[PDB]
Every structure is written in C-alpha cells, then in structure tokens.
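Worksheet: one structure, shown below.
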Amino acid sequence: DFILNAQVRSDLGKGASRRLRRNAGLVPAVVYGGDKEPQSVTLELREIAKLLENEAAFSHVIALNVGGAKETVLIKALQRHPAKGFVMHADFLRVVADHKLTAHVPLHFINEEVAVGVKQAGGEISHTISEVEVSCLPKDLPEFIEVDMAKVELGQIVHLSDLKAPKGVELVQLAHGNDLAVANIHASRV
Amino acid sequence: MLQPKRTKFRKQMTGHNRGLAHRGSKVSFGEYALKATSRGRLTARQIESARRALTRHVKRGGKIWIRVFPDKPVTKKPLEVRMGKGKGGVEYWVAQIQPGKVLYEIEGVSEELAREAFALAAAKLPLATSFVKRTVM
Amino acid sequence: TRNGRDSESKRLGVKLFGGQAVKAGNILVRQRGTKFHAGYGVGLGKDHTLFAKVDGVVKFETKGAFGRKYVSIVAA
Amino acid sequence: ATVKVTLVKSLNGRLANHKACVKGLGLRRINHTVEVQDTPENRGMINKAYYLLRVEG
RNA sequence: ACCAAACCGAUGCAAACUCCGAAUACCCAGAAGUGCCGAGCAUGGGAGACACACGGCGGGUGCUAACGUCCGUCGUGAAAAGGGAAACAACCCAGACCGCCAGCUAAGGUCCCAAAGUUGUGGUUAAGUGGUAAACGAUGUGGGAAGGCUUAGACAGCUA
RNA sequence: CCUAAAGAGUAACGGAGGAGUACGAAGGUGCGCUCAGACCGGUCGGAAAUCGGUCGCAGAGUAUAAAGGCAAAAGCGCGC
RNA sequence: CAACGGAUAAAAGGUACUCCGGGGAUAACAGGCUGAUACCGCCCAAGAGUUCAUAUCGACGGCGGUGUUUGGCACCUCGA
RNA sequence: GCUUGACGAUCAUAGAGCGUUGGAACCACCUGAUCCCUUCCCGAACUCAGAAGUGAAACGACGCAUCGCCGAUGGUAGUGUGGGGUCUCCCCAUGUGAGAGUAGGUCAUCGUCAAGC
Ligand SMILES: [Mg+2]
Ligand SMILES: [Mg+2]
Ligand SMILES: [Mg+2]
Ligand SMILES: [Mg+2]
Ligand SMILES: [Mg+2]
Ligand SMILES: [Mg+2]
Ligand SMILES: [Mg+2]
Ligand SMILES: [Mg+2]
Ligand SMILES: [Mg+2]
Ligand SMILES: [Mg+2]
Ligand SMILES: [Mg+2]
Ligand SMILES: [Mg+2]
Ligand SMILES: [Mg+2]
Ligand SMILES: [Mg+2]
Ligand SMILES: [Mg+2]
Ligand SMILES: [Mg+2]
Ligand SMILES: [Mg+2]
Ligand SMILES: [Mg+2]
Ligand SMILES: [Mg+2]
Ligand SMILES: [Mg+2]
Ligand SMILES: [Mg+2]
Ligand SMILES: [Mg+2]
Ligand SMILES: [Mg+2]
Ligand SMILES: [Mg+2]
Ligand SMILES: [Mg+2]
Ligand SMILES: [Mg+2]
Ligand SMILES: [Mg+2]
Ligand SMILES: [Mg+2]
Ligand SMILES: [Mg+2]
Ligand SMILES: [Mg+2]
Ligand SMILES: [Mg+2]
Ligand SMILES: [Mg+2]
Ligand SMILES: [Mg+2]
Ligand SMILES: [Mg+2]
Ligand SMILES: [Mg+2]
Ligand SMILES: [Mg+2]
Ligand SMILES: [Mg+2]
Ligand SMILES: [Mg+2]
Ligand SMILES: [Mg+2]
Ligand SMILES: [Mg+2]
Ligand SMILES: [Mg+2]
Ligand SMILES: [Mg+2]
Ligand SMILES: [Mg+2]
Ligand SMILES: [Mg+2]
Ligand SMILES: [Mg+2]
Ligand SMILES: [Mg+2]
Ligand SMILES: [Mg+2]
Ligand SMILES: [Mg+2]
Ligand SMILES: [Mg+2]
Ligand SMILES: [Mg+2]
Ligand SMILES: [Mg+2]
Ligand SMILES: [Mg+2]
Ligand SMILES: [Mg+2]
Ligand SMILES: [Mg+2]
Ligand SMILES: [Mg+2]
Ligand SMILES: [Mg+2]
Ligand SMILES: [Mg+2]
Ligand SMILES: [Mg+2]
Ligand SMILES: [Mg+2]
Ligand SMILES: [Mg+2]
Ligand SMILES: [Mg+2]
Ligand SMILES: [Mg+2]
Ligand SMILES: [Mg+2]
Ligand SMILES: [Mg+2]
Ligand SMILES: [Mg+2]
Ligand SMILES: [Mg+2]
Ligand SMILES: [Mg+2]
Ligand SMILES: [Mg+2]
Ligand SMILES: [Mg+2]
Ligand SMILES: [Mg+2]
Ligand SMILES: [Mg+2]
Ligand SMILES: [Mg+2]
Ligand SMILES: [Mg+2]
Ligand SMILES: [Mg+2]
Ligand SMILES: [Mg+2]
Ligand SMILES: [Mg+2]
Ligand SMILES: [Mg+2]
C-alpha cells in the first residue's frame with residue numbers, strides 16, 4: 001500500500017536536478033533523521049504522484065526501498081511547482097521506535113447535516129482550518145483526527161481544546177498556549 | 001473600487017514583473033481557488049467585474065475571499081500633450097500578477113458549482129487561469 | 001513639475017581597505033555618523049573622519065558588545 | 001608538463017579581458033599553436049577563453 | 001441584536017521599508033608565463049574634437065508606443081573593404097601590403113535559376129502549414145500515464 | 001533622499017523635501033543622571049497636571065529638512 | 001552682483017514697410033515610424049424582449065484588426 | 001583541584017523565565033550622623049565611625065528548552081561567461097549560489113592576581 005522505490009543520487013546541483021526533470025522523469029529527494037547521515041535519492045515522478053492521491057499520505061508510515069535495503073520514513077515536506085502544481089522535491093524523516101515526531105494530520109468533519117445550528121437556525125458550517133499539527137510516538141500516529149458538529153448551535157465556535165484526540169497524541173499548538181478556531185456556525189450570506 | 005486608504009507617495013516607477021509566485025500560491029482559506037498560470041496585470045475594475053460575476057452565480061451560501069489587492073498607482077498623459085513637462089497624473093490602481101498566484105477562493109459550495117462560477121469570473125480577466133483544490137502540502 | 005533639485009555628491013566611503021599599508025595622517029574613512037569606530041592607532045575628526053596616527057596595516061575587525069565595526073592599525 | 005593550445009576563432013569584438021587572455025598565452029592568429037606550461041595560472045587563462053581555443057592536451 | 005482600539009493566529013505588497021543577503025565589479029599584496037620589444041609614469045612641441053548613430057544587457061520617462069527621449073556598461077558604424085542575411089551604415093562570420101587560372105575552412109548552405117547530398121537511418125504534418133496573428137472554439141491527428149462500466153451481457157439503435 | 005545597476009561618479013521641463021540662519025551659552029572642562037509610554041493607588045483636574053510603586057528599555061531626545069549616528073551617551077543638570 | 005565663475009558705475013518695446021548671413025542642427029503642408037485615440041470585428045452573458053440570454057439587442061469586463069481621425073516623434077525637403 | 005573578591009579575553013550556543021541552595025571567610029544588607037563630605041527637601045544616593053543582628057532583599061552557584069538565540073543536508077530563487085527561443089519573459093552548457101523553512105543544538109568557554117581548604 002504505502003511503498004516507494006528509490007535510487008541513490010550522486011550528481012547534485014541546479015544543473016543536474018534540472019536534467020532529471022527533463023530527460024529522465026525523476027524527482028530529487030533526501031532522507032534524514034534518526035541517528036544517521038542524510039542521503040540523497042531519486043524517485044520516479046509517476047510513482048510519487050500516484051501515492052499522493054491517497055488521503056492519509058502525510059500522516060502514515062511509508063516503507064522506503066533505497067536500492068535493496070528498506071527503511072521506515074515519513075513525508076516531512078514537499079516542494080511543488082507554483083504554476084503547474086507537480087512535485088519537484090521531497091524530503092523524508094526517518095522513523096525510530098522511541099522518538100517523538102511531528103506530523104500534519106487532516107481533520108474529518110462528520111454529521112454536518114444534522115447539526116443543531118444548521119437545521120434549526122439555518123446556519124452555515126465554515127471550516128476555518130482543515131488540518132492540525134501533532135507530536136506523538138510513531139506507534140500511535142493517527143491517520144485523521146475526528147471532529148463532530150452535531151451539538152453546535154448558531155454562533156458557537158469550536159476550538160482546539162474542545163476536540164478530543166487519540167490517547168498519546170499532543171496538539172502542539174494547544175501546548176504552546178494558543179488555541180485556534182476550527183469551525184463555526186454563522187448567519188447566512190443572503 | 002479597491003485602492004489603499006492612503007499612501008506614503010503619490011506616484012511610482014513602472015518597474016518590472018519577473019519571477020514565479022512562490023508565496024501566495026496555496027489555497028489557504030477556502031476549498032477551491034482560481035489561480036493565475038500566466039503573468040500580467042489586473043486593473044481593479046477587472047477585479048470588480050470578476051467579483052460580481054462569481055458572486056451572482058452562487059446566490060445561496062458560500063464564503064468568498066479575494067487574495068489580490070491593487071496597490072500600484074499608474075499615471076497617464078493627457079491627449080494632445082508633448083513629451084516631458086513632468087510626470088502624468090494618477091488615473092487608476094493596479095496589481096502585479098506572477099504565474100501561480102491565487103486570485104479568488106471559495107468554500108461552502110459543491111465542486112461542480114464552484115468550477116462553473118470560476119469560469120464566469122475568468123472570462124473578465126486578461127490572463128490565463130486554472131482551477132485548483134486545497135491540499136495538505 | 002516642482003521637483004528639479006539635488007545637491008552635490010560628497011565622495012564618502014572607505015579609502016583604504018584591509019591589508020593596505022598606511023602612513024600617519026592618511027584618511028581611512030569618510031562618514032556621516034560613525035558606521036565604523038576608531039580602533040587602535042586611529043583618530044576621529046570633528047566630521048567623524050577616521051585617520052591614521054601610526055604606520056602599519058588596516059585591520060577592519062568587529063568586536064566588543066554593541067556589535068561595533070572598528071578600524072585599527074596593526075604591524076605590517 | 002605542457003599542453004597544445006590553438007586559436008580557432010577571431011578576436012574581433014571580444015571582451016577586452018578575453019583578448020588579454022589569448023594574448024597572455026602567446027596566441028596571435030587563427031590556427032596558430034603554442035606550447036605552454038601546465039601551471040595553475042596558465043589554466044586560468046585557458047578556462048576564461050575556452051570558447052575561442054582548442055586544447056589538444 | 002451596530003461599531004469597535006488593542007492582542008493572538010493565518011495571509012499578501014514596497015524606488016524613496018530592511019531581521020537578512022549574492023554573483024559580478026572594485027581596492028591591495030605575492031607569484032609563473034606572455035607582451036614586438038614594449039605595456040606604465042613624468043616633462044615638453046603639434047593637434048583634432050566637445051551635432052554622435054544603431055544593436056545587446058540594467059534603468060527613468062512614454063502607453064515596459066515609436067528608426068521616441070535621457071542615463072550606465074559592452075559591440076559595431078563613424079573612420080572597415082570581403083562573405084552571409086533577396087535587395088539592406090550599426091545584425092552574423094571575418095579585419096584587405098602586392099601578385100597567382102594552387103589548397104583548407106567560418107557564417108551560411110548543397111532540386112533549377114546558382115558552386116556543392118534529388119545523401120543515409122527513425123518519426124511527424126496534408127495545413128502549400130512550412131512561407132505573418134490574440135482571447136476563445138472544434139469527434140484533425142501522433143504519443144504517455146491512469147480511471148469508470150462490461151458474457152451476473154457493457155455503449156449505441158429498436159420493442160414495451 | 002530615490003533614480004544610481006552592493007567602491008567613487010552618473011542625465012531628464014524625472015519623483016520628494018529644506019537653506020540664504022541660530023547660540024557669550026545652545027562653546028570648554030569636572031562631577032553627577034537617564035527617556036517616551038502603560039497599569040495600579042491617591043484632595044478639588046481626571047483619559048492627559050503634581051505624588052508613590054511596578055513594567056518598560058529608547059517605541060524619547062538631538063536649535064533647524066532628510067539621511068547616517070548617539071552608553072566613554074553625541075541626550076539631561078550643576079560649579080568653575 | 002539670486003541670470004548666484006558676477007559683460008557696464010549706468011538700459012524697455014514694435015515691425016504686416018522691413019533687410020542680410022545661415023538651418024530641414026528646428027516648426028507649419030504633404031510622406032515616413034507608432035497606434036494612446038478613432039473606426040471596424042470578435043469573447044463572456046446580468047438583463048430587455050408577456051414566458052424565452054443569443055429573432056433583434058445587450059450592462060460590468062476582455063481580445064484583436066485597419067492605417068482611417070485627433071495626436072506623439074522630428075527621419076526627408078528651408079541654394080523653394 | 002575546591003569557595004569568594006578585583007581586573008580582563010569573548011559578546012546570547014553565553015540571554016530571559018522557573019526551582020533549589022550559599023554566611024567558616026569574603027560580600028551584601030545593618031547602627032549612628034560626633035567628626036571630613038552630601039541632598040535645588042530627605043544620611044534615599046555620596047561620605048565618615050564599626051560589628052550588635054541576617055543571608056530576607058541583592059549577588060553567586062547548581063538544575064530545567066517553556067520563550068529567545070544558533071542551525072545543517074537537500075532543493076529552490078538570483079547570477080558571471082558562451083549560445084538559443086515563441087524575445088515586456090525565459091531556456092541550454094559551464095562556474096557560483098542564497099533568504100525562508102526542516103532535522104537538530106544551547107542553561108557558555110578561557111587568563112592574571114589576592115584571600116581560606
Ligand atoms: Mg541546488
Ligand atoms: Mg545554468
Ligand atoms: Mg520606466
Ligand atoms: Mg546624492
Ligand atoms: Mg578634535
Ligand atoms: Mg565576429
Ligand atoms: Mg561580435
Ligand atoms: Mg530593497
Ligand atoms: Mg558590485
Ligand atoms: Mg616588431
Ligand atoms: Mg602632448
Ligand atoms: Mg554634446
Ligand atoms: Mg560633425
Ligand atoms: Mg551619448
Ligand atoms: Mg543627443
Ligand atoms: Mg544613441
Ligand atoms: Mg532598454
Ligand atoms: Mg527606454
Ligand atoms: Mg526603443
Ligand atoms: Mg534615437
Ligand atoms: Mg546603449
Ligand atoms: Mg567601432
Ligand atoms: Mg559586424
Ligand atoms: Mg563590421
Ligand atoms: Mg564625422
Ligand atoms: Mg562591412
Ligand atoms: Mg576598429
Ligand atoms: Mg557579399
Ligand atoms: Mg555586405
Ligand atoms: Mg531581407
Ligand atoms: Mg549580395
Ligand atoms: Mg546571419
Ligand atoms: Mg573543402
Ligand atoms: Mg558550418
Ligand atoms: Mg540542403
Ligand atoms: Mg549546381
Ligand atoms: Mg550539385
Ligand atoms: Mg532521399
Ligand atoms: Mg506557402
Ligand atoms: Mg502562409
Ligand atoms: Mg555607488
Ligand atoms: Mg553600482
Ligand atoms: Mg553619485
Ligand atoms: Mg552625461
Ligand atoms: Mg548640544
Ligand atoms: Mg535621525
Ligand atoms: Mg557647564
Ligand atoms: Mg548667468
Ligand atoms: Mg552662472
Ligand atoms: Mg555653476
Ligand atoms: Mg561650480
Ligand atoms: Mg563684453
Ligand atoms: Mg531694437
Ligand atoms: Mg533671407
Ligand atoms: Mg542666406
Ligand atoms: Mg530633421
Ligand atoms: Mg537645437
Ligand atoms: Mg496637420
Ligand atoms: Mg501636398
Ligand atoms: Mg501629414
Ligand atoms: Mg504622415
Ligand atoms: Mg509630418
Ligand atoms: Mg427577461
Ligand atoms: Mg427580427
Ligand atoms: Mg496616410
Ligand atoms: Mg499622422
Ligand atoms: Mg521634421
Ligand atoms: Mg530634434
Ligand atoms: Mg534626436
Ligand atoms: Mg520627401
Ligand atoms: Mg522647406
Ligand atoms: Mg535645387
Ligand atoms: Mg541550500
Ligand atoms: Mg549570457
Ligand atoms: Mg543552493
Ligand atoms: Mg539557512
Ligand atoms: Mg533565521
């Protein structure tokens with residue numbers, strides 16, 4: 001499911017990386033983390049783009065296969081072409097059994113249609129944010145954090161502190177004394 | 001239309017429009033966006049023309065953001081006037097657009113309604129556009 | 001137009017760069033204010049001109065608190 | 001040790017710095033060849049005017 | 001139930017904003033070789049010139065109009081013939097001491113005008129496109145990666 | 001000050017502002033000292049006078065535009 | 001002596017009654033370059049058309065063409 | 001080597017914030033204002049004479065990354081030279097190469113002298 005094939009890269013620079021994206025259809029990348037040195041790799045553009053169509057691509061563990069040796073990584077950042085939108089660079093973070101790591105996890109909004117503020121007062125659900133940044137152990141990284149809006153009335157604001165999280169998951173932003181709005185119910189536009 | 005409340009200086013040099021938009025190129029507020037794929041210039045009456053057409057089509061719910069602000073003043077020289085004699089007076093305000101910049105955003109509607117609401121807006125703008133969706137990274 | 005005025009240029013800046021050999025009395029920097037401060041063997045004029053008071057070599061070091069830029073004369 | 005340098009392009013309309021790099025090697029006329037020592041400061045004049053010369057090694 | 005300083009977070013912009021910050025270009029010193037046998041500097045005899053032009057790059061002005069105009073920095077013309085761009089100061093190649101019914105090349109070219117491949121291999125175009133052009137429109141055609149249905153009978157047509 | 005292309009210099013009936021003074025102390029030196037603002041408490045003032053405290057550190061000041069500077073303060077007060 | 005390297009201590013106008021030396025180094029006419037403007041096409045479609053966007057029109061906006069108006073420039077012609 | 005004072009080198013990886021701890025000596029608070037000296041008033045600060053009390057305040061030492069400050073590898077932007085295009089902008093060859101962000105670091109490191117072990 002979550003598997004990627006990579007090859008070691010040895011010709012670095014601006015001119016070499018531009019030739020990869022014209023002549024060979026590859027994508028430069030780098031693997032760092034754990035207690036090891038970073039490592040430049042190359043991987044096919046078609047393979048990385050196919051894996052990224054999945055929803056939980058950034059909040060799941062990916063088995064990278066560099067050469068023949070496999071290793072456990074996680075997509076940490078991603079560079080895109082500002083106009084065309086395709087991926088130009090990717091960096092992975094090595095995953096270690098006992099080491100807290102930071103990831104971006106998407107939110108899932110459920111039972112929007114049965115909300116109190118929607119059916120009674122005719123309000124509209126507005127998603128202020130769509131993902132939160134968490135820090136936890138690798139063994140309990142969630143693919144998506146759940147938020148429900150059934151018991152929400154007109155004018156009510158949902159905050160980070162309100163939503164519950166899986167055991168062993170920390171919200172980072174809430175830890176730094178800054179809770180941010182997630183969603184609300186507001187009066188109709190017209 | 002849209003223009004600054006006040007500015008430090010009345011006039012400005014023409015300058016140049018180069019580079020891609022590495023900033024302002026992500027869907028940050030809504031779910032779908034209209035994005036520039038060619039470079040150019042939007043004159044603050046095209047922005048107003050395109051905002052009415054987009055908003056008049058949805059007509060039921062939905063939040064809309066405008067991510068462009070025309071803050072560059074441009075001058076014009078009156079007709080039957082020779083070269084020289086000082087710079088001309090400010091006539092309208094305009095915005096610089098680089099490829100990849102998001103112009104409008106919307107949420108609270110379906111993908112099919114947003115896609116045809118953005119087509120009406122793009123017919124008023126003098127530059128190529130595309131339809132994009134919000135992503136995690 | 002009601003704008004066509006300007007003043008003459010003053011030819012300010014560094015006159016001797018790091019490593020150059022200097023003599024006493026040589027002007028090192030022309031300034032408004034003190035972008036550079038006088039180090040060892042360097043004097044300050046009433047218009048903030050740095051000049052040499054000994055023979056040697058220009059140094060151009062950053063040191064101390066406040067993050068000041070100093071000009072000093074050292075042995076050649 | 002040494003290296004064969006040949007001039008294969010005209011010197012008209014080149015930058016004055018590139019003219020001095022060809023002249024600093026001893027090259028004068030198209031198809032003229034010299035024998036220069038392989039010193040680090042002889043290579044710098046060859047690299048600066050690479051597009052005017054042919055280096056037979 | 002309207003407005004709201006301020007604060008917190010997200011998100012843009014600046015010739016006369018800057019927490020940052022190149023390449024290059026400029027000073028300085030030490031070295032090898034080359035220099036037409038000199039290059040640098042000083043002092044004297046004689047000047048001319050102080051209407052510049054276009055092309056590239058960085059800018060102001062203009063409408064990022066003009067073979068417009070005003071700067072910076074290169075190249076050419078001026079004061080430079082020869083070959084190429086049909087013709088074509090300023091574009092590309094190249095700097096003409098004289099003679100030869102000798103040879104090799106540059107830019108550009110090789111069916112006839114008109115010197116040299118109707119050369120070889122693999123594709124594309126049917127528009128004389130090539131041999132002038134924008135938003136936008138269209139079952140033109142070549143290639144690639146993927147998807148939705150389908151002998152539990154898919155799509156079109158038809159019988160209800 | 002910008003144009004001015006990170007040494008100097010650099011044009012336009014290009015974009016913006018000032019000067020044609022002041023001071024016998026507003027100069028010299030020795031000694032000493034730090035601002036604007038916010039909040040709390042306090043008679044008539046009450047958002048803003050003077051007083052006490054905490055925070056603040058330069059968001060003040062500099063005779064006069066703007067730029068560059070200012071803790072050995074170049075800012076402030078006193079004796080000679 | 002600010003016309004700020006300051007012609008003299010001391011100085012305004014008219015010429016369609018005019019005159020000489022020159023200049024396409026510089027304007028008016030026509031030509032050229034450009035195309036803001038002008039004119040002519042097209043794109044989008046809120047709307048008008050009893051209903052119905054395109055029979056006929058078409059707001060807010062966008063893209064071209066022609067040299068055709070008003071202009072910009074000053075390349076040719078002031079020994080016509 | 002251990003502790004405290006004076007003067008430096010270096011100017012945040014050295015700072016801020018929180019917690020604990022130090023009086024044998026030193027230092028600090030402390031008593032008084034006779035005497036030198038002082039306040040545009042006040043022994044508050046400056047100064048003089050010591051010494052009964054205390055480590056409260058201040059200062060020092062030791063902990064913690066919460067804030068601050070440092071910070072790669074890789075990629076991207078820009079760019080000198082030579083050459084191309086559909087030429088208001090880009091591409092290729094070659095040399096160079098940020099800023100931001102990411103992984104992660106940091107509760108400093110030294111020198112001279114004098115008092116006690
Ligand atoms: Mg790179
Ligand atoms: Mg390159
Ligand atoms: Mg301009
Ligand atoms: Mg100046
Ligand atoms: Mg003095
Ligand atoms: Mg040439
Ligand atoms: Mg040339
Ligand atoms: Mg700047
Ligand atoms: Mg430079
Ligand atoms: Mg000779
Ligand atoms: Mg002479
Ligand atoms: Mg002249
Ligand atoms: Mg002449
Ligand atoms: Mg000139
Ligand atoms: Mg001229
Ligand atoms: Mg010229
Ligand atoms: Mg130009
Ligand atoms: Mg120009
Ligand atoms: Mg031009
Ligand atoms: Mg010209
Ligand atoms: Mg030029
Ligand atoms: Mg020339
Ligand atoms: Mg030529
Ligand atoms: Mg020539
Ligand atoms: Mg001449
Ligand atoms: Mg010629
Ligand atoms: Mg010549
Ligand atoms: Mg010829
Ligand atoms: Mg010719
Ligand atoms: Mg031709
Ligand atoms: Mg010919
Ligand atoms: Mg050619
Ligand atoms: Mg031959
Ligand atoms: Mg050839
Ligand atoms: Mg041929
Ligand atoms: Mg023939
Ligand atoms: Mg033949
Ligand atoms: Mg054949
Ligand atoms: Mg044809
Ligand atoms: Mg044709
Ligand atoms: Mg300069
Ligand atoms: Mg410069
Ligand atoms: Mg200058
Ligand atoms: Mg000049
Ligand atoms: Mg003063
Ligand atoms: Mg100032
Ligand atoms: Mg005094
Ligand atoms: Mg005068
Ligand atoms: Mg004068
Ligand atoms: Mg003068
Ligand atoms: Mg003068
Ligand atoms: Mg006279
Ligand atoms: Mg008269
Ligand atoms: Mg006459
Ligand atoms: Mg005459
Ligand atoms: Mg003329
Ligand atoms: Mg003239
Ligand atoms: Mg006329
Ligand atoms: Mg006529
Ligand atoms: Mg005419
Ligand atoms: Mg004409
Ligand atoms: Mg004419
Ligand atoms: Mg109707
Ligand atoms: Mg009809
Ligand atoms: Mg005509
Ligand atoms: Mg005309
Ligand atoms: Mg003319
Ligand atoms: Mg002229
Ligand atoms: Mg001219
Ligand atoms: Mg004529
Ligand atoms: Mg005439
Ligand atoms: Mg005649
Ligand atoms: Mg890097
Ligand atoms: Mg180049
Ligand atoms: Mg780099
Ligand atoms: Mg960095
Ligand atoms: Mg930083």
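Residue numbering restarts at 1 in every chain; chains get A, B, ... in the order shown in the structure tokens, and ligands count up from 1 in that same order.
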
*Taking only C-alpha atoms (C1' of nucleotides) into account, which residues of chain B are within 12 Å of chain H, as a ChimeraX atom specification?*
/B:14-23,38-41,98-99

How about saving the chosen residues, C-alpha atoms kept, as a PDB file, in the first residue's frame?
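File selection_38.pdb, as written:
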ATOM      1  CA  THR B  14       6.999  51.346 -13.722  1.00  0.00           C
ATOM      2  CA  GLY B  15       9.371  48.600 -12.670  1.00  0.00           C
ATOM      3  CA  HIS B  16       9.371  45.064 -13.994  1.00  0.00           C
ATOM      4  CA  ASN B  17       7.294  41.932 -13.403  1.00  0.00           C
ATOM      5  CA  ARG B  18       9.575  38.891 -13.128  1.00  0.00           C
ATOM      6  CA  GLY B  19       9.693  35.556 -11.352  1.00  0.00           C
ATOM      7  CA  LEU B  20       7.172  32.994 -10.198  1.00  0.00           C
ATOM      8  CA  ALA B  21       4.851  33.294  -7.205  1.00  0.00           C
ATOM      9  CA  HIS B  22       6.388  31.114  -4.512  1.00  0.00           C
ATOM     10  CA  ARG B  23       4.267  32.997  -1.953  1.00  0.00           C
ATOM     11  CA  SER B  38       0.376  33.443 -16.906  1.00  0.00           C
ATOM     12  CA  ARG B  39       1.828  36.754 -15.790  1.00  0.00           C
ATOM     13  CA  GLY B  40       0.239  40.129 -16.269  1.00  0.00           C
ATOM     14  CA  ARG B  41      -1.648  42.867 -14.545  1.00  0.00           C
ATOM     15  CA  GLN B  98       3.018  36.360 -11.404  1.00  0.00           C
ATOM     16  CA  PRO B  99       2.318  32.796 -12.589  1.00  0.00           C
TER      17      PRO B  99
END

*Within 9 Å of ligand 46, which residues show up when you count only C-alpha atoms (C1' of nucleotides) and all ligand atoms? List them as a ChimeraX atom specification, please.*
/F:62,66-69

*Within 9 Å of chain C: residues of chain F, using only C-alpha atoms (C1' of nucleotides), as an NGL selection string*: :F and (7-9 or 13-16 or 67-70)

Selection above as a file: N, CA and C atoms (P, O5', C5', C4', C3', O3' and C1' of nucleotides), as a PDB file, in the first residue's frame:
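Writing done, so here's out.pdb:
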ATOM      1  P     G F   7      29.237  48.922  -5.628  1.00  0.00           P
ATOM      2  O5'   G F   7      30.162  49.946  -4.845  1.00  0.00           O
ATOM      3  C5'   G F   7      30.551  49.717  -3.499  1.00  0.00           C
ATOM      4  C4'   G F   7      31.730  50.576  -3.127  1.00  0.00           C
ATOM      5  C3'   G F   7      31.680  52.014  -3.619  1.00  0.00           C
ATOM      6  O3'   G F   7      30.934  52.860  -2.759  1.00  0.00           O
ATOM      7  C1'   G F   7      33.766  51.071  -4.181  1.00  0.00           C
ATOM      8  P     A F   8      30.038  54.061  -3.337  1.00  0.00           P
ATOM      9  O5'   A F   8      31.078  55.036  -4.037  1.00  0.00           O
ATOM     10  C5'   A F   8      31.810  56.002  -3.299  1.00  0.00           C
ATOM     11  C4'   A F   8      32.629  56.875  -4.215  1.00  0.00           C
ATOM     12  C3'   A F   8      31.847  57.740  -5.189  1.00  0.00           C
ATOM     13  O3'   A F   8      31.386  58.941  -4.601  1.00  0.00           O
ATOM     14  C1'   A F   8      33.606  56.650  -6.333  1.00  0.00           C
ATOM     15  P     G F   9      29.953  59.550  -4.987  1.00  0.00           P
ATOM     16  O5'   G F   9      30.060  59.887  -6.540  1.00  0.00           O
ATOM     17  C5'   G F   9      30.848  60.967  -7.024  1.00  0.00           C
ATOM     18  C4'   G F   9      30.953  60.929  -8.529  1.00  0.00           C
ATOM     19  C3'   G F   9      29.635  61.022  -9.282  1.00  0.00           C
ATOM     20  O3'   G F   9      29.240  62.362  -9.506  1.00  0.00           O
ATOM     21  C1'   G F   9      30.903  59.197 -10.109  1.00  0.00           C
ATOM     22  P     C F  13      15.497  69.215 -17.286  1.00  0.00           P
ATOM     23  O5'   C F  13      14.102  69.929 -17.055  1.00  0.00           O
ATOM     24  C5'   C F  13      13.243  69.507 -16.010  1.00  0.00           C
ATOM     25  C4'   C F  13      11.819  69.393 -16.476  1.00  0.00           C
ATOM     26  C3'   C F  13      11.611  68.557 -17.736  1.00  0.00           C
ATOM     27  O3'   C F  13      10.504  67.673 -17.575  1.00  0.00           O
ATOM     28  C1'   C F  13      10.711  70.749 -18.033  1.00  0.00           C
ATOM     29  P     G F  14      10.727  66.085 -17.673  1.00  0.00           P
ATOM     30  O5'   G F  14      11.571  65.709 -16.379  1.00  0.00           O
ATOM     31  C5'   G F  14      10.964  65.615 -15.101  1.00  0.00           C
ATOM     32  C4'   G F  14      10.895  64.188 -14.618  1.00  0.00           C
ATOM     33  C3'   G F  14      10.411  63.996 -13.195  1.00  0.00           C
ATOM     34  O3'   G F  14       9.009  64.073 -13.069  1.00  0.00           O
ATOM     35  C1'   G F  14      12.326  62.675 -13.551  1.00  0.00           C
ATOM     36  P     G F  15       8.361  64.919 -11.877  1.00  0.00           P
ATOM     37  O5'   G F  15       8.430  63.941 -10.628  1.00  0.00           O
ATOM     38  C5'   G F  15       7.747  62.700 -10.626  1.00  0.00           C
ATOM     39  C4'   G F  15       8.068  61.904  -9.389  1.00  0.00           C
ATOM     40  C3'   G F  15       7.807  62.592  -8.062  1.00  0.00           C
ATOM     41  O3'   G F  15       6.451  62.538  -7.669  1.00  0.00           O
ATOM     42  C1'   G F  15       9.926  61.553  -8.016  1.00  0.00           C
ATOM     43  P     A F  16       5.741  63.811  -7.007  1.00  0.00           P
ATOM     44  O5'   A F  16       6.268  63.826  -5.507  1.00  0.00           O
ATOM     45  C5'   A F  16       7.380  64.612  -5.117  1.00  0.00           C
ATOM     46  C4'   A F  16       7.915  64.185  -3.773  1.00  0.00           C
ATOM     47  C3'   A F  16       8.036  65.282  -2.731  1.00  0.00           C
ATOM     48  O3'   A F  16       6.813  65.567  -2.080  1.00  0.00           O
ATOM     49  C1'   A F  16      10.044  64.062  -2.803  1.00  0.00           C
ATOM     50  P     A F  67      14.871  59.957   6.756  1.00  0.00           P
ATOM     51  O5'   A F  67      16.386  59.574   6.465  1.00  0.00           O
ATOM     52  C5'   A F  67      16.796  59.081   5.199  1.00  0.00           C
ATOM     53  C4'   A F  67      18.294  59.143   5.052  1.00  0.00           C
ATOM     54  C3'   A F  67      19.095  58.449   6.139  1.00  0.00           C
ATOM     55  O3'   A F  67      19.222  57.058   5.918  1.00  0.00           O
ATOM     56  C1'   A F  67      19.971  60.609   5.781  1.00  0.00           C
ATOM     57  P     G F  68      19.328  56.041   7.152  1.00  0.00           P
ATOM     58  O5'   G F  68      20.809  56.232   7.698  1.00  0.00           O
ATOM     59  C5'   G F  68      21.936  55.903   6.903  1.00  0.00           C
ATOM     60  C4'   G F  68      23.207  56.485   7.473  1.00  0.00           C
ATOM     61  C3'   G F  68      23.502  56.151   8.923  1.00  0.00           C
ATOM     62  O3'   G F  68      24.071  54.869   9.096  1.00  0.00           O
ATOM     63  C1'   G F  68      23.807  58.458   8.587  1.00  0.00           C
ATOM     64  P     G F  69      24.002  54.156  10.530  1.00  0.00           P
ATOM     65  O5'   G F  69      25.033  54.982  11.416  1.00  0.00           O
ATOM     66  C5'   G F  69      24.990  54.918  12.830  1.00  0.00           C
ATOM     67  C4'   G F  69      25.593  56.144  13.465  1.00  0.00           C
ATOM     68  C3'   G F  69      25.473  56.224  14.972  1.00  0.00           C
ATOM     69  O3'   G F  69      26.454  55.456  15.637  1.00  0.00           O
ATOM     70  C1'   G F  69      24.873  58.297  14.022  1.00  0.00           C
ATOM     71  P     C F  70      26.019  54.392  16.750  1.00  0.00           P
ATOM     72  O5'   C F  70      25.824  55.271  18.057  1.00  0.00           O
ATOM     73  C5'   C F  70      26.835  56.162  18.487  1.00  0.00           C
ATOM     74  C4'   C F  70      26.288  57.209  19.420  1.00  0.00           C
ATOM     75  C3'   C F  70      25.417  56.712  20.555  1.00  0.00           C
ATOM     76  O3'   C F  70      26.169  56.181  21.625  1.00  0.00           O
ATOM     77  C1'   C F  70      24.433  58.616  19.570  1.00  0.00           C
TER      78        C F  70
END

*Selection within 9 Å of ligand 56 by only C-alpha atoms (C1' of nucleotides) and all ligand atoms, output as number ranges by chain*: G: 24-26, 74-76

*Hey, which residues come within 9 Å of ligand 65 if we count only C-alpha atoms (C1' of nucleotides) and all ligand atoms? Could you give them as an MDAnalysis selection string?*
chainID G and resid 31 67:68

*Residues at most 8 Å from ligand 28, using only C-alpha atoms (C1' of nucleotides) and all ligand atoms? Could they come as a VMD selection string?*
chain E and resid 82 to 84
